[PDB]
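Coming up is one lone chain in structure tokens, specifically the form deposited in one PDB entry.
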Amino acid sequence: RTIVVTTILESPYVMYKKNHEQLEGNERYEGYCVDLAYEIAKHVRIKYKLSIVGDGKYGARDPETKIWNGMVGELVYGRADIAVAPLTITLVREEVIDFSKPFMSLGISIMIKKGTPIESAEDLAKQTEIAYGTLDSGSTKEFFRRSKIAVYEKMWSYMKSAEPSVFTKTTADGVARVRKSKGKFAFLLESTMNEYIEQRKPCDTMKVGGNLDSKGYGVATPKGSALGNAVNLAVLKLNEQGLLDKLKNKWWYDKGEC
């Protein structure tokens, strides 16, 4: 009866409540995906336990050992029944799991410290004073690894050898690093996150240029699990009801500091 939903600590999707140690279970967290979990659980009528992924990753297949980590592994190895979070819909992932219809829209985007003299991928690629990175074990890193567009080819071979490593264990590490860096570190992340951080004090970061690509997050299920159907039917309803929009404003813009 308690279906476990894997998920990840990422702001403002899921974050501990101010004072969370006061509470227990699902009540410990608050966020966009935390609101999304509840109300899906409300529409497919199910008991659920939010479970934050142990390794704190999204999910990439280890090239050598062939295993899946992050929330994607959770599902694949029968540890989670469902994933509510900012998990990008990807081909390599669709081969091993199910996605609902995307519940949010994003693209890869450049995050800069304010003032940094950069506007575009090409701007980043054609120089070497400003360093740049991405989240490790996510779809952004994979996008650059997989790409055969020349500018991205260049930006990839650079990162792949950059020392120290330009791949971060978390999103907050990139952000912290963009901010500590005095303009010598750009950080490639999803524009959803990017715009979240743009609205956060101390208001010293921003998105520059268009997204390199256009995709979305989906709720995920183990492959062929019978629960995909309902889950997806609930997403499509939340959209038509106007409720994803409501939550998106609530978490990013209404809370907005800059």
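Numbers follow the displayed sequence, beginning with 1. What we label the rigid core is the largest C-alpha set whose atoms superpose within 1.5 Å from one form to the other.
In this entry, 16 to 24 has the higher mean Cα B-factor, the comparison being between 16 to 24 and 230 to 238.
If you average the C-alpha B-factors over 124 to 132 and over 92 to 100, the higher value belongs to 124 to 132. Considering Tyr32, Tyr29, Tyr58, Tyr217 together, the PDB entry gives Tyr29 the largest C-alpha B factor. For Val53, the recorded CA B-factor ranks within the middle third of the chain. Only modelled residues enter the ranking.
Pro164: CA B factor in the highest third of modelled residues in this chain (values from the PDB entry).
Placement of the Cα temperature factor of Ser191 within the chain: lowest third of the modelled residues, per the deposited record. Per the deposited record, the Cα B-factor of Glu74 falls in the lowest third when ranked against the other modelled residues of its chain. The deposited CA B-factor of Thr170 belongs to the middle third of values across its chain.
Unshown form deposited in another entry; subsequent notes refer to it.
In a core superposition between this form and the one not shown, the Cα of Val166 is the only one among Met104, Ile97, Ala80, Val166 shifting by 2 Å or more.
Once both forms are overlaid on the rigid core, the distance between the two CA positions of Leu233 between this form and the one not shown is under 2 angstroms. After superposing the rigid core, the C-alpha of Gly56 moves by less than 2 Å between this form and the one not shown. After superposing the rigid core, the Cα of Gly210 is displaced by 2 Å or more between this form and the one not shown.
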